[PDB]
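*Asks:* Questions regarding the structure given below will be posed in turn.
So basically every Cβ, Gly included, is an ideal-geometry build from the backbone, and we count neighbours across all protein chains shown. Read-outs: derived from the displayed coordinates by stated rules, not from any lab.
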Amino acid sequence: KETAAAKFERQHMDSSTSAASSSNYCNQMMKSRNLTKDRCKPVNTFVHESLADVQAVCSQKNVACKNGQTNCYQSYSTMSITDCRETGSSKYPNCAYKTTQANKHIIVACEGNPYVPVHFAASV
Ligand SMILES: [Cl-]
Ligand SMILES: [Cl-]
């Protein structure tokens, strides 16, 4: 199995682009990251920052997670992100996503040793 840290990297990191540049970004990335293999993953966010900047969020503002957990952290600054969500015209295996680029603070849940992001919670 994939470790929790590696799964977070695979699903959310995209340090190779500064931002989504086309409406087809989500369709291409969801496929490239294998998120449309067994089913169409309904929602997913990609972060366009270096891995080190994202891992550093685990040392930033500690805030509560929606589920009540207390290992969530919010980034002090805004980051370049792309939210990908299936449209109503999406049916596996023909997955289709709406791409929405934005600059916002991210919230992640951290764990382990080293203590790194394991779950993408939300953006503000
Ligand atoms: Cl994979
Ligand atoms: Cl997500």
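*Asks:* Only one of these is exposed (fewer than 15 other Cβ atoms within 10 Å of the Cβ), more than 14 Å from ligand 1 (Cβ to nearest atom) and either over 11 Å from the mean Cα position of the chain (by Cα) or of a type outside the set (S, T, N, Q) (or both): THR17, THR3. Name it.
*Replies:* Numbers: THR3 fails: more than 14 Å from ligand 1 (Cβ to nearest atom).
Matching residue, one of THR17, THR3: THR17.
*Asks:* How many residues are of a type outside the set (A, V, I, L, M, F, W, C) and touching a strand residue (DSSP E or B) at 6+ places or on another chain (Cβ under 6 Å) when one looks only at region 29-79?
*Replies:* At the first step, the residues of region 29-79 found to be of a type outside the set (A, V, I, L, M, F, W, C) are 31-34, 36-39, 41-42, 44-45, 48-50, 53, 55, 59-62, 66-71, 73-78.
Now drop any that are not touching a strand residue (DSSP E or B) at 6+ places or on another chain (Cβ under 6 Å), which leaves 42, 44-45, 48-49, 55, 60-62, 71, 73-75, 78.
Matching residues across region 29-79 total 14.
Results for (1) closer than 25 Å to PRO114 by Cβ; (2) surrounded by fewer than 19 Cβ atoms within 10 Å (Cβ to Cβ), shown as yes or no for each residue.
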| position | (1), (2) |
| --- | --- |
| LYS7 | yes, yes |
| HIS12 | yes, no |
| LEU35 | no, no |
| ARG39 | no, yes |
| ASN44 | yes, no |
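*Asks:* Among the residues of region 48-73, what is the count of those that are within 19 Å of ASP14 (Cα to Cα) and touching a residue at least 40 places away in the same chain (Cβ under 8 Å)?
*Replies:* So the answer is 5.
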